[PDB]
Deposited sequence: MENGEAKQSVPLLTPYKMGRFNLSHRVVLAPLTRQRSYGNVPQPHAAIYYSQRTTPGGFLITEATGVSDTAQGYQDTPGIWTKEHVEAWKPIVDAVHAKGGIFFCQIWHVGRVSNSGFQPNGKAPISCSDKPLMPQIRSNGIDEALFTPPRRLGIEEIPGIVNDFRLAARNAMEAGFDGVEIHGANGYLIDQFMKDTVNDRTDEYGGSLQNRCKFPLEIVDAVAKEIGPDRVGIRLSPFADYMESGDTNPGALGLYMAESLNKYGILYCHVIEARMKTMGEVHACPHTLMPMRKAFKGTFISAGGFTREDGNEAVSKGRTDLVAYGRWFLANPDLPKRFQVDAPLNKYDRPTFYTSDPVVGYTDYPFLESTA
């Protein structure tokens, strides 16, 4: 009866409902290695046939832009992940691992040998934020990527995808949003390259295209999706003509024909003509609740609805949205803290 709870076929996976657990970086993967808590954490949010997206997970030793966010690049990371995946599968969930690389959203302390964070440009991020009595910005200014190192980075993503297929994930979500490394190449206020990877919408999207192209052939197109936020400017990631990206992108992806397009809502033409344009599954996130999502589902506005903070604080959200029940509050101060339990797995189930 409830739209959000109506089944939906995606690529070839049977979803029991459309309430998707949004990828959520929790910074509790000590040393970049997934922890035992995640096993509980993701398991608690799994439902027979529920779709789950992992927190962003580094592809390499330079992909990070924070601390303790999991990587998917060392044999070790994989074994830490493996059991987390089994617990999700033993409960029936379709579990995708989002894959990123922060790009210019990092610092020397994050990079090995203290090297500088890398990006499509040498454009500094948040210059007003300085340390203590120094000049060294919070975000170590980015080194403009040698155009010879770019095809390799594109290979870093294809690899992590293959590794996902090794840890047993059903596929991967390419992080193409939120001021991260891929969004940087796409955004004009950030991408000012004068070679083949910048200087125009064409050259700018070349990066994410080579990714949607490589990952797809690697693990199959119908198992690959990508997340984009053409309206957001998180981490000074605004584009001079964002409204256009949504559409363009929506169409540019059909060409490569992949599993789904996952887009974040704007500060409110936006996502309607987007799901209309994309031939495959369309997932909505950013602003949803009950009706918000129900409306988007029933009125054919979206195929799925990914919840972030509301799913973080309610292991049993899909059932609620089915069994008319209110929700618990999310604890902001602990979303990013590092306790294995507190604010991570102590959010209670209904009854």
(request) Where the model has no C-alpha, note the corresponding stretch of the deposited sequence, numbering from 1. (result) 1-8, 277-286, 370-372
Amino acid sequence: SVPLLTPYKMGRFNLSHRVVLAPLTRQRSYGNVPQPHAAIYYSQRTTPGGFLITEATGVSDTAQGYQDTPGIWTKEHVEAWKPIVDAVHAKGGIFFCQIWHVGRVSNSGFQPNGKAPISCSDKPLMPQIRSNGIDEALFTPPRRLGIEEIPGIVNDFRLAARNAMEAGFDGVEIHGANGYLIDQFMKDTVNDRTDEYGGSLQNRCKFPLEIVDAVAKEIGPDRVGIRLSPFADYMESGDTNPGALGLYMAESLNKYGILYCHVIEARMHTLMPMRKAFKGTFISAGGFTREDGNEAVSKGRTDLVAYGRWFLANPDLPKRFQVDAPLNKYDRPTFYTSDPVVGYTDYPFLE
From here on, numbers count along this sequence of modelled residues.
(message) Mean Cα B factor from the PDB record: higher for 83-91, or higher for 132-140?
(response) 132-140
(request) Please work out which of 12-20 and 325-333 has the higher mean CA B-factor as recorded in the PDB entry. (result) 325-333
(message) Among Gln98, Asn163, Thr194, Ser229, where is the Cα B factor highest in this entry?
(response) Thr194
(message) Quiz for you: based on the deposited Cα B-factor, which of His175, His262, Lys255, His77 is highest?
(response) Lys255
(request) Just say lowest, middle or highest third for the CA B-factor of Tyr180 relative to the other modelled residues in its chain. (result) lowest
(request) Name the third of the chain's ranked CA B-factors that contains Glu236, choosing lowest, middle or highest. (result) middle
(request) Comparing against every modelled residue in the chain, figure out the third that the C-alpha B-factor of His37 lands in (lowest, middle or highest). (result) middle
(message) Quick check for you: using the entry's CA B-factors within this chain, is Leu125 in the lowest, middle or highest third?
(response) lowest
(message) Based on the deposited C-alpha B factors for this chain, I'd like to know if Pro117 is in the lowest, middle or highest third.
(response) middle
